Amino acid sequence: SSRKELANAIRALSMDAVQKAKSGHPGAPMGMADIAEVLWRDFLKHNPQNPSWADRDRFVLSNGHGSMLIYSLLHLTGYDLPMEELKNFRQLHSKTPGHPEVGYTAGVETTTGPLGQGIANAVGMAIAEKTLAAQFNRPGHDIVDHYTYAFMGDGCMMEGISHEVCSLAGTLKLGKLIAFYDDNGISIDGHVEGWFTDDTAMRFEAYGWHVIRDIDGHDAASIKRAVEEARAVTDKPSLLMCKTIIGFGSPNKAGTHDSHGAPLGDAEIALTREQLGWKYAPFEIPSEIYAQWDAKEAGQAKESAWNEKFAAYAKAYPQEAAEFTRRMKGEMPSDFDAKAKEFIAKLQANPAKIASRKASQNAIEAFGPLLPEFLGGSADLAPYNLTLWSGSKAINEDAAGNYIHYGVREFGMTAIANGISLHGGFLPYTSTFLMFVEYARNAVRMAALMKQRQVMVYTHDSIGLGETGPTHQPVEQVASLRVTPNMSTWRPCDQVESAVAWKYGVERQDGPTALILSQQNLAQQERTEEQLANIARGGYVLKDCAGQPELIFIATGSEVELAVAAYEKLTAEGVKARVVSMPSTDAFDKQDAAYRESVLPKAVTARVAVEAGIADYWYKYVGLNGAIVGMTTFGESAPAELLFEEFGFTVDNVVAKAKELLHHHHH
């Protein structure tokens, strides 16, 4: 078989799988098949029999709608993705969902589809490789050495996140990142010149990339020469400008928007087979074509050689090797749990009224020596988010460091960190003011969807930040996080809940954790040993009465102090009241029914929520017969103490609103 025939196997499988599903995207797989054949057969270092090989190259499909391209590649090269699964493309519980999903499918590195985020993930994978190589490689022992290859299209280039992450990739001189741009002139509205006219090569040169122009994306020799050129440039990420024809092979739909996102149709597929000279029936591949596509023997040889290298490394550097293995597996140090509990107990015994952003920094300082896998950063807010600890070292200064200055790039930061978590070897944390979670919002969602461990440090969480005013004062952002599937969100009320939340976040293996942290100092609360242990249950009884409470206050973060003051006033008047601290609604909801009943008993309807955030959220825990002391508006520019008074976060107002339930549930 010629290279074109081998590439046409991808075209056939893609158009036929889309046709059988009556759904999906034939255009990009057909347009990029020749590029994929050269990259995967001539360059990609991988082992289909072990998709988790630590030193494999990473491939990312940023134009993720072209999912049949990667399913064809994985199937043809010998991964555990049988033809039956391709026949079940886009069907319930198949290993071939409409967009590729990490975990669903052997060999898929990331979940893509939302445009722009795949190239961001690839930038994170390349940062991870560079940093891990710098931390672990030793003279004569280069155990980390692999490339990151990405495909992307016009949509990814138009998205702002491409600017964020490719600018930063240029700064960091990511010489093992090689991206292929599917320059096919077509997007969904039609010919892109009506809305997309950038000199993209010049733009990427402005970022410090090595750009290869005018590659014939349907000519294997041209593509191969370009990839060799990119691999020879070791000090810059490379962009290959690949001129392709969307839907290549279809006489009537190639080069048209009609090939982008719908089945070609059976008549058109017959004509496409005739144009391509592809004789085989749908889902039929001859043994000779598998023989040229299969990567099991080469892959075995390469991983075997790497294992020999790693064994030599382990003999010369046994502690480093043990750390590499631990970190690539995502395992925690064996003594971490005990040391973290010792830290938390020390805080509970030694009160300090500090901002929870400072309590967060103190937890980073405490955990940092125990977690060399941290790869942390802030989006140009290190002095405000308090993300640096004494052991931080920026990777633009020393590549073996552990800290990233992300610049003013919140979305790019968060999707890069998704790439860092997907790579293995690190535990990323990211940070910005909470308001600007809105800039990064879909990357946060994607971390949750992909079940990735990442700690998101979001500071300056309410009107408590004061004079900066309503553009920066969060109101509804925490509610948005709380209703996100698989998101964990903590709003700690003091330095002890802050440390507990950080411990929870770094030990959470199957999804991300957002910390909602104050600008201003928070009072430490008294806790018994039992209460201290109950912080991690998300919601717990902090103050109580004998018998059934007449009133339960539910409070979070900076408002627990206010709720406790109201509880004290009411208790002194002879009212039976309880205070529940709710640092994490998601962790509380995961507790069993008996525990939740013990904290929020169904008999007690007179519930008062107190939080400087949007009020409507709290109907979930207060019901229709309680009260909510919350925000219902945007904030205002003024000193924070005047804002808390103006918006009702006062002991007198909280007590008055509570007493209306002693007056209403009565009358």
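The numbering used is simple: start at 1 and walk along the sequence shown.
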Check your understanding: Quick one: higher average CA temperature factor, 85-93 or 447-455?
Key -> 85-93
Exercise for review: Mind pulling up the entry and telling me whether 529-537 or 570-578 has the higher mean Cα temperature factor?
Suggested key: 570-578
Study note, to complete from the structure: Top Cα B-factor in this entry, restricted to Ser334, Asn385, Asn486, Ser238, sits on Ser334
Check your understanding: Which one, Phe136, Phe204, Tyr406, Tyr313, has the peak C-alpha temperature factor per the PDB entry?
Key -> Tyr313
Review point. Against its chain's modelled residues, does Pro29's Cα B factor rank lowest, middle or highest third?
Key: middle
Practice item. Compare the C-alpha B factor of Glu438 with those of the other modelled residues in its chain, then answer lowest, middle or highest third. Key: lowest
Check your understanding: For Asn521, does the deposited CA B-factor place it in the lowest, middle or highest third of the chain?
Key -> middle
Practice item. Would you mind ranking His146 by its C-alpha B-factor against the rest of the chain and naming the third, lowest, middle or highest? Key: middle
Review point. Lowest, middle or highest third: where is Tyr317 by C-alpha B factor in its chain?
Key: highest
